[PDB]
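**Q** experimental coordinates follow, after the sequence.
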Amino acid sequence: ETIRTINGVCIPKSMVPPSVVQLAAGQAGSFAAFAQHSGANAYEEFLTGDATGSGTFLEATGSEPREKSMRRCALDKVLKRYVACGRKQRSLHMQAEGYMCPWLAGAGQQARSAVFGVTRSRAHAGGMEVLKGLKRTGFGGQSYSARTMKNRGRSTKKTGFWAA
RNA sequence: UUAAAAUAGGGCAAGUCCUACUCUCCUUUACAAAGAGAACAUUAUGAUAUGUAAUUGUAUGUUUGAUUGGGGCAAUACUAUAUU
Ligand SMILES: [Mg+2]
Ligand SMILES: [Mg+2]
C-alpha cells in the first residue's frame, strides 16, 4: 500500500525510480524475486503478455525477403550457448511436506513442549534464542547461510557453464 | 566482354511433441575422506610438543551387476542277525 519511511512519512510511487524496483525484484531470497519468478499477478500478467504479443493462439503470422536458414539458426544457437553464455531459467523448489498442509508438524511451529521435566523452557521463548556451541556443531547438515560457499547452484564447476 | 544468385560450390544425423534414463542442483539420519576444532595420557596448575587419545563437525566422494546364493554329498566298509 502506502510506503512509509523511517520517520513515518509517505512516499508516492512516482518518487521511486524504476532502477530501485528492478533492484528489489533482483535481490535473491526475497518475496519480490519470488513474486517475479512465480508471477506477481497471474490474471494481470497474462492479459498484459497477450496484448503485447501477436496473440495467444496466433502462430507464424505476417504483419499487415527470406526467413533465417536452419544453418544460420544452428550457428546462432552455438554462438549464444557456448560464446555469449546465454542460458535458460530453471525452477525454484519448495518444501513438499509444508506446501501440501501448512498446519502439520512438517511445516514447523509446533506449540507442544518436547522436553518434559523442566520449568525454564516454558518461559524461554522468542524467534531468536541462545544456543551454545553452534560454531563447532552447527544445525546439522546445511549450516552456512546464502552466498557463503563458492560454486553453488548454476555456478558449478563440475560440468561447465552450458550444462547448468 | 559486361551484369545477375537459378543450379553446383562454400560445415550440419536438424526443428517440434511424448516417453525413459542420467548429469546438474538441493536435503542429512546411516558410507569413506574432511584441511576445523575439542577432550584424554605425560611434565606445570602457565604458555610452544609427542601420542597407541580422537567415536565432534561444514562444503568432498559414493549410495540399483548379490552365484559371497541355492542344491547334492551325511562315519559304522563286508558277511549276517532282530526289531518296530
Ligand atoms: Mg559432511
Ligand atoms: Mg554430498
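**A** Right, received. Where do you want to start? Residues are numbered from 1 along each chain as shown, chains lettered A, B, ... in the order given. Ligands and ions are numbered 1, 2, ... in the order given.

**Q** distance of residue A:70 from residue A:77?
**A** Using C-beta to C-beta, to the nearest Å, one gets 10 Å for the distance from residue A:70 to residue A:77. Quick note: C-beta positions are derived from backbone N, CA and C, even for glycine.

**Q** should've said residue A:114
**A** 56 Å.

**Q** residue A:43 now?
**A** From residue A:43 across to residue A:77, the span is 34 Å (C-beta to C-beta).

**Q** those two: which has the busier surroundings?
**A** Neighbour tally, residue A:43 and residue A:77, criterion other C-beta atoms under 10 Å: the higher count belongs to residue A:77, 11 against 8.

**Q** any part of the helix or strand containing the more buried one near RNA strand B?
**A** Take DSSP states H and E as the rule and residue A:77 turns out to sit in helix A:70-78. Yes: residues of helix A:70-78 are located near RNA strand B by C-beta under 7 Å from any atom of the strand, namely A:70, A:71, A:72, A:74, A:75, A:78.

**Q** I'd like these as CSV, with neighbour count appended.
**A** Shown next, in CSV, are the residues of helix A:70-78 next to RNA strand B (neighbours: other C-beta atoms under 10 Å):
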residue, neighbour count
A:70, 8
A:71, 8
A:72, 10
A:74, 10
A:75, 11
A:78, 11
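
**Q** return the closest of the residues you listed with respect to residue A:35.
**A** Residue A:35 lies nearest to residue A:78 out of those, by C-beta to C-beta, at 34.7 Å.
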